[PDB]
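**Student:** Protein chains in written order, with the entry's author numbering: chain 3, 94 to 188; chain D, 62 to 276, 286 to 297; chain V, 16 to 216; chain H, 50 to 144; chain Y, 169 to 240; chain 2, 47 to 92; chain X, 2 to 243; chain 9, 14 to 135.
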Amino acid sequence: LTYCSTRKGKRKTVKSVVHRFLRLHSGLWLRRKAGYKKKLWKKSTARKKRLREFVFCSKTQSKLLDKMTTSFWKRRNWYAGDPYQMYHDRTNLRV
Amino acid sequence: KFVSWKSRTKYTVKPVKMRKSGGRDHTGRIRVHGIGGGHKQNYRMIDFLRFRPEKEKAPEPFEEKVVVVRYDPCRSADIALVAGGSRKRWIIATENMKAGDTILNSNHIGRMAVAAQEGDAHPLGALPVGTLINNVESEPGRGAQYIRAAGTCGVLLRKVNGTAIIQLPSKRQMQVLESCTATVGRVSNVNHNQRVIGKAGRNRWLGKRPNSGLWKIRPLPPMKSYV
Amino acid sequence: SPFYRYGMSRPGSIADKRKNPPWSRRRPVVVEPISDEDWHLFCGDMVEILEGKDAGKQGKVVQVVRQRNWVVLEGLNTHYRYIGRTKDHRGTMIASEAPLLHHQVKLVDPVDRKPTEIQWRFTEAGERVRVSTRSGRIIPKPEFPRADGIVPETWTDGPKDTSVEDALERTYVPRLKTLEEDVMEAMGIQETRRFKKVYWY
Amino acid sequence: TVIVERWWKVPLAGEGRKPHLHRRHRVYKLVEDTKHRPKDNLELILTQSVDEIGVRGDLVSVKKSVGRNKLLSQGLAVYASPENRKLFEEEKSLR
Amino acid sequence: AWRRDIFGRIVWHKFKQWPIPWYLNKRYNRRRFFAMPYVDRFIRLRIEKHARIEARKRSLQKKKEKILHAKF
Amino acid sequence: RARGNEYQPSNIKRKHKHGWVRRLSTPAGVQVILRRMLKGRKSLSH
Amino acid sequence: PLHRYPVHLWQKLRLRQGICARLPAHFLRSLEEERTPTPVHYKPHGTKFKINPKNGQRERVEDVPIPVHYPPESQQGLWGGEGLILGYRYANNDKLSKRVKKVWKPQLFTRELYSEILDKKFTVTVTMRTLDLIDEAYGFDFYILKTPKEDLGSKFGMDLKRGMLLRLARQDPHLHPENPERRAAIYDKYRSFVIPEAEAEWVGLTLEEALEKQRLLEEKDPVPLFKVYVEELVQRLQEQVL
Amino acid sequence: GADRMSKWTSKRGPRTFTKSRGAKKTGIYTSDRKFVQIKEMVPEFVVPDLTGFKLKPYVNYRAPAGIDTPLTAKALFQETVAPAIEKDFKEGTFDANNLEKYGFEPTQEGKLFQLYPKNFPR
RNA sequence: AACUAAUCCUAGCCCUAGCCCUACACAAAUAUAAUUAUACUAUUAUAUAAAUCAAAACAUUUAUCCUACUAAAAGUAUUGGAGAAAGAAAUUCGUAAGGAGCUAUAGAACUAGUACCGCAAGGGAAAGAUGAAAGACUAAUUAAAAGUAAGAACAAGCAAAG
RNA sequence: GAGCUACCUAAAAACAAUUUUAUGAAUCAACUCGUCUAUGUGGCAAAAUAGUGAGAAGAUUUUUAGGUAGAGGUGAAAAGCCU
RNA sequence: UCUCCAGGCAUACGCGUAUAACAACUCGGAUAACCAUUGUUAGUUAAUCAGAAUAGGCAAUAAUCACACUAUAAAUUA
RNA sequence: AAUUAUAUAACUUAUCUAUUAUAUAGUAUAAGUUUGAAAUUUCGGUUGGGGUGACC
Ligand SMILES: [Mg+2]
Ligand SMILES: [Mg+2]
Ligand SMILES: [Mg+2]
Ligand SMILES: [Mg+2]
Ligand SMILES: [Mg+2]
Ligand SMILES: [Mg+2]
Ligand SMILES: [Mg+2]
Ligand SMILES: [Mg+2]
Ligand SMILES: [Mg+2]
Ligand SMILES: [Mg+2]
Ligand SMILES: [Mg+2]
Ligand SMILES: [Mg+2]
Ligand SMILES: [Mg+2]
Ligand SMILES: [Mg+2]
Ligand SMILES: [Mg+2]
Ligand SMILES: [Mg+2]
Ligand SMILES: [Mg+2]
Ligand SMILES: [Mg+2]
Ligand SMILES: [Mg+2]
Ligand SMILES: [Mg+2]
Ligand SMILES: [Mg+2]
Ligand SMILES: [Mg+2]
Numbered sequence: 094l095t096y097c098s099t100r101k102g103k104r105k106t107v108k109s110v111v112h113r114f115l116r117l118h119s120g121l122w123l124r125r126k127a128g129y130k131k132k133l134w135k136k137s138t139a140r141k142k143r144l145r146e147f148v149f150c151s152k153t154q155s156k157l158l159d160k161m162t163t164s165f166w167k168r169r170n171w172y173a174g175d176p177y178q179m180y181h182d183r184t185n186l187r188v
Numbered sequence: 062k063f064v065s066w067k068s069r070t071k072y073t074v075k076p077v078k079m080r081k082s083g084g085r086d087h088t089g090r091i092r093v094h095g096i097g098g099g100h101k102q103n104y105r106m107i108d109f110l111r112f113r114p115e116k117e118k119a120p121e122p123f124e125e126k127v128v129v130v131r132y133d134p135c136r137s138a139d140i141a142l143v144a145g146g147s148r149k150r151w152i153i154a155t156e157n158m159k160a161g162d163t164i165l166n167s168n169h170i171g172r173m174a175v176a177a178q179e180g181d182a183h184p185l186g187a188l189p190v191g192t193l194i195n196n197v198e199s200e201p202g203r204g205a206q207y208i209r210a211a212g213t214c215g216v217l218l219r220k221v222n223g224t225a226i227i228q229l230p231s232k233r234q235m236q237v238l239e240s241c242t243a244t245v246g247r248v249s250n251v252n253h254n255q256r257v258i259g260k261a262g263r264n265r266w267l268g269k270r271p272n273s274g275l276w286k287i288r289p290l291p292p293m294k295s296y297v
Numbered sequence: 016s017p018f019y020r021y022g023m024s025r026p027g028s029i030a031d032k033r034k035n036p037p038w039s040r041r042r043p044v045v046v047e048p049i050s051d052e053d054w055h056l057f058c059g060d061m062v063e064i065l066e067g068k069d070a071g072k073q074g075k076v077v078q079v080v081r082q083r084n085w086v087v088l089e090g091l092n093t094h095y096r097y098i099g100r101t102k103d104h105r106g107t108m109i110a111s112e113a114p115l116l117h118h119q120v121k122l123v124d125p126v127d128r129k130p131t132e133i134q135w136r137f138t139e140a141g142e143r144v145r146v147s148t149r150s151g152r153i154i155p156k157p158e159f160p161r162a163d164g165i166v167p168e169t170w171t172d173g174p175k176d177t178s179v180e181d182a183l184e185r186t187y188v189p190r191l192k193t194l195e196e197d198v199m200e201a202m203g204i205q206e207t208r209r210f211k212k213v214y215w216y
Numbered sequence: 050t051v052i053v054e055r056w057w058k059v060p061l062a063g064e065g066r067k068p069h070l071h072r073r074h075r076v077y078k079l080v081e082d083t084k085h086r087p088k089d090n091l092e093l094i095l096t097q098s099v100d101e102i103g104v105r106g107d108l109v110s111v112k113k114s115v116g117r118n119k120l121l122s123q124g125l126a127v128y129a130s131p132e133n134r135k136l137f138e139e140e141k142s143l144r
Numbered sequence: 169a170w171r172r173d174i175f176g177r178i179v180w181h182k183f184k185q186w187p188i189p190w191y192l193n194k195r196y197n198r199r200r201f202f203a204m205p206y207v208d209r210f211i212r213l214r215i216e217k218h219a220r221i222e223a224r225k226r227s228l229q230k231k232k233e234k235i236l237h238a239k240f
Numbered sequence: 047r048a049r050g051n052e053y054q055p056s057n058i059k060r061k062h063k064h065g066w067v068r069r070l071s072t073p074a075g076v077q078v079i080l081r082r083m084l085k086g087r088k089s090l091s092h
Numbered sequence: 002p003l004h005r006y007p008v009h010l011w012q013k014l015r016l017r018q019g020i021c022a023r024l025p026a027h028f029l030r031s032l033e034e035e036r037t038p039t040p041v042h043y044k045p046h047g048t049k050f051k052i053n054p055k056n057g058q059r060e061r062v063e064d065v066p067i068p069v070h071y072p073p074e075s076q077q078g079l080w081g082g083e084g085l086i087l088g089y090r091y092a093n094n095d096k097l098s099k100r101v102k103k104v105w106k107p108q109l110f111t112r113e114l115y116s117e118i119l120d121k122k123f124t125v126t127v128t129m130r131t132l133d134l135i136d137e138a139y140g141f142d143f144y145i146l147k148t149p150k151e152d153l154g155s156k157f158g159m160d161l162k163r164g165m166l167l168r169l170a171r172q173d174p175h176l177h178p179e180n181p182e183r184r185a186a187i188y189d190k191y192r193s194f195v196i197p198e199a200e201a202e203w204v205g206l207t208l209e210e211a212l213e214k215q216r217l218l219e220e221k222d223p224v225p226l227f228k229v230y231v232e233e234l235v236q237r238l239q240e241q242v243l
Numbered sequence: 014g015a016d017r018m019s020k021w022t023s024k025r026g027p028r029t030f031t032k033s034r035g036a037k038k039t040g041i042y043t044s045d046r047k048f049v050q051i052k053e054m055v056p057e058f059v060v061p062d063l064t065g066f067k068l069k070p071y072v073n074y075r076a077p078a079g080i081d082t083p084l085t086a087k088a089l090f091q092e093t094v095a096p097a098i099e100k101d102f103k104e105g106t107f108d109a110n111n112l113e114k115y116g117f118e119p120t121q122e123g124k125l126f127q128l129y130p131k132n133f134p135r
């Protein structure tokens, strides 16, 4: 990671995270399942269904991704007609 | 700082002092190995253009008188001082040249064959097929460059139209115009190949440093399991 | 040299070359710089000691070390020492004067002897003269014997000394001729040859 | 001439600035070599009558090598500039 | 004349007497009154070196007057 | 053999190898002098 | 410490002090101005905007000229802006192969060219591009006169321009002598490029050549102060007499 | 181990190395190594007659020194040239061409002692 | 009851601010084996910075190095063995002599590019201390370091502890 | 950086006596080299001393000035030498 | 004066005042005497020793006591 | 060994000249191919230690 850049003196985002994961404003991260486009002919129908899903990340994985990206990727984005509009907040969470 | 010693513009019969190279070039680096030291030598300016008419004289056959046949440190053959008119010039000596002999230098291209006497310079057209010749020039006026070593004689195999074929000492056939001038006979010191050096010091007298003590068909793919 | 310290002994004397050797690196003395115009004390001027052992006693200046802002008064600020001490003999006791800084003394009005501060101002002729700050008055420049010991009035020239009138005789006649040409004409030298061309470069 | 193209993108520098180049911007590839382009013909107005081309004043299209080497150097033809066109056109009309 | 030497400095050159013109003398033509471009860096280094000395010199005088004013 | 006496003095050799005229012969040698002048050396060359 | 001015401004400050200041104002403008040569070794972008294919959005584009090395041998000929491209290539045209030093060289020919204004034939080292430029300019004389210094890029070419401009400026009767009619035609053909005599003299001069010219013009031996004082005395005496 | 700091003189180096101590040449070396001294090249000391000379090395301390007024071209011109030109101008016998009449020299060439470039020693 | 020693304060230096410069100083000598008064033998930079290093190896690649106004747009668009990393622009904003620095192993290497080392390129030190006055005889101050002296030792031992 | 060392270029030097012959012959000095043993091992010496030895008119040895330079030079190859 | 040892004198190269006298007795010589050390003053003398005009024309025949004598590695501005 | 290789050498197509009836010559350059003087980089693991094997 670049912690202090030569030109701007800031941290830098790792653009490998930006191209693989989606961050919900609450703090969660979504990802795909590795291998979901590979050798589908020899995979069982149940296995393929599991692969197609969007899945959450663990606490430590989320902690790592937060370190690898900057604040701009953590802001609240007001997109019209967003399909993740309802998933940016947690409800009935006591914990 | 290497300035070549070959800086004399004008011909003279006085021996000229030579500076040795050592196998190195003007850069100062060895370009040929095995040359170094030896005896000090003087260069006698040889003249290989046999038919050179004297200054302010007509271009026709002339004759010259052999003063002495001498040893030359700078070549295998031996040299003969020849005088004619008011001019003295060093030349290469044939096998049988002696002092007091007379040798002709002919420009005339004999329409018929001219009897060949060793030591005389005649155009190849004049000479008959088969005559042993030496000091052959590639092109008329160039000067002799081939068959200039000791006892080395080439044959004149053929003459057709304006050109002739010469068998060089290496058995390599060369072709030249019949106008080119070739001396008749062998080149003298025929026994040079019989000389024996005897001791390692003798080569170090001739400027020959000792040899260094340091002591390819790629197979085609189809034939690599048999190498 | 930046480290040469000025002392009571004259520069270049045997004592000075021992007090200030080439290898000495003593700490600089801090001197309040005083302009050549501002400085107003001169040899032979009577001054009064404002403070010290002899405060209130008027004296005559006899030496000035301007680099140290020192004025030395004859017979005042005196301590005692032995001069000419030898192994066999003690020497002679004498009173030796010590330097006094300018701010520890003041000049004295001639007619009324008091420590009058003075100010520099020009005159009708234009010559710069000291004037008393109070009781405005001309304090004349005193006359002091020459340091080398030469008194011009008593001086009588011996051999090898040009006489006055001869030194003041005017013989120069302005003309557009160099010293070289004048001497040759006067001495009658003749030269008709001329130098060949020279390419200066 | 030889025309080259950089392998690496050069960031924009702005209106009144010059881009700072790096060692990687010195790597080039060959877009085109003008030597191998199809060669256009040269148009000249003759000032004389020369065999196999035409009479004085005509307009012809000839290989550049022929035009420079012989016609223009020898004075047989003149450059078919608009000014030259007008002069020779007037002569033909009067003729 | 004012001339620039091979080290890039400007120096007054005092002429000498010769019996032949300058374009014919071969000992004079070996002397060079120009500097090649590889001297440009050294020209800047002299200016910067001199600027440092003068800046130090000004700074010291300012400090010395502070000592005087405190003392007097 | 005993080493340490690799220096066999010769004024002709010395002035030819490291002298003023030698240093000025090539541009690299001129820059040798320029460095030493900038450093302040009392001896620019032999 | 710091320099007062940035190092890039030093050349401008040098032109503005000393004998450089006394140089002609018009000559300094040529020295001061910097103009990019017409593109030769790269294709310029036709527009100032393009549509990025990957993301399908409009993005600005700029032209960055290739660095080209001009050997001093080129200054003795007429290369039409061409030079040496000193660069690197990727072996096999894949960036995952080794990076290899590459030099692209112009094809140089020797050609003889005739100048009407000078009435002389020169033998010049030339590129096929240079010949094309002359053809587009409808004459060798037009090529030199039309092409600017940056495009011309040759000290030999610039000297030709000064001679041609000086020839036209003075209407020198040294051209095709004994034929005023033939001469008149040549001067008339190139009348568009006529400029004042004073300006034409300083065309194509380098800074060093210009400085020597200026030093020669103002070089003068001192006035013997005998004359100077004599002038003053006479003026004072004459004024008193008045 | 050679000494880089001491001056290079003819005492140092081999016999072949020789160089002068600053004495001016007085002759020429011809071929076959013959030295030919030239009489004109040898300086001549022009000494005046000091008999009856009133000036001695030192001066009276009683003699007043004078105010320094270093000579200037104006002062030289006024003392020497002004009297003639002024009188001549009143007489009207004046022109720019005849400045030589008052002592002006257009050129220094041909003079034994030239003021520039100087061709004589002190 | 003292030897070796110790104490010391300013020589200068450091970072900024400000500022284009016009310091390039007698005679003579000097590019010849420099510093040698005159002929001989004439005189002239450089084609792309590389590698280390980072990528936990290395082989495309690796900020600054290889400068073009500040703050923001923005570590965003983009670029990349799409890895390590790299990274804009449109656009907007912008009127101005000092020290919570050093004080002789510190601060400049500097008392000096000297001494000295090296054939050469090159490397490169150490140190000073009276007082107002030395035309007052060059002072004082300190059980104070290790080391010694004054004053060798006296069965038995991590040398002390009870 | 080739004042050491490797090789080279140019200009110079040295070799008595004795026997063979007519010599990279013999005995053996000067000179060159460094076989074997002892001493020495911060030594006299960062390779020496004392003895004993090999060559000693030659591919000998020595002197002076010049040349070849590190991606290189030189090498009767020891991966030797290039302060 | 005696006892004993057996590379010395010049020049080249190099070094650069170590030269000589006096006065000193700290430092230097691995100790003393005395000085090679410190300070002061002096010194090395050259027409023979040593160093530092132009343009053309032309050269066959070593050295070694140079005769005899052979030879081979073929060998000095007039 | 992998990756390269306007070191030299060769050919081929252009480019530029000469000629010629289309044609054979050459060539201050570009693009290929062949040759390889060189250049850069590397030396997986487990196995009293070394052959081979093997194994991951
Ligand atoms: Mg072998
Ligand atoms: Mg912007
Ligand atoms: Mg050594
Ligand atoms: Mg030696
Ligand atoms: Mg790495
Ligand atoms: Mg790399
Ligand atoms: Mg310090
Ligand atoms: Mg220090
Ligand atoms: Mg103690
Ligand atoms: Mg006990
Ligand atoms: Mg040598
Ligand atoms: Mg013998
Ligand atoms: Mg023998
Ligand atoms: Mg023996
Ligand atoms: Mg034997
Ligand atoms: Mg050997
Ligand atoms: Mg071996
Ligand atoms: Mg070594
Ligand atoms: Mg003595
Ligand atoms: Mg004594
Ligand atoms: Mg002494
Ligand atoms: Mg002599």
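All residues carry an ideal CB built from backbone N, CA and C; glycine is no exception.
Whole angstroms is fine: what's the gap from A170 (chain X)'s alpha carbon to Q77 (chain X)'s?
**Tutor:** Taking the straight line from one Cα to the other gives about 25 angstroms.
**Student:** Can you have a look at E125 (chain D) and say buried or exposed, based on whether 16 or more other CB atoms are within 10 angstroms of its CB?
**Tutor:** buried
**Student:** Against chain Y, with Cβ distances strictly below 8 angstroms, would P2 (chain X) count as a contact?
**Tutor:** It does; some Cβ of chain Y falls within 8 angstroms.
**Student:** Suppose only complete runs of 3+ residues qualify. What are the beta strand (DSSP E) ranges in the stretch 112 to 161 of chain X, listed by chain order?
**Tutor:** 121 to 128
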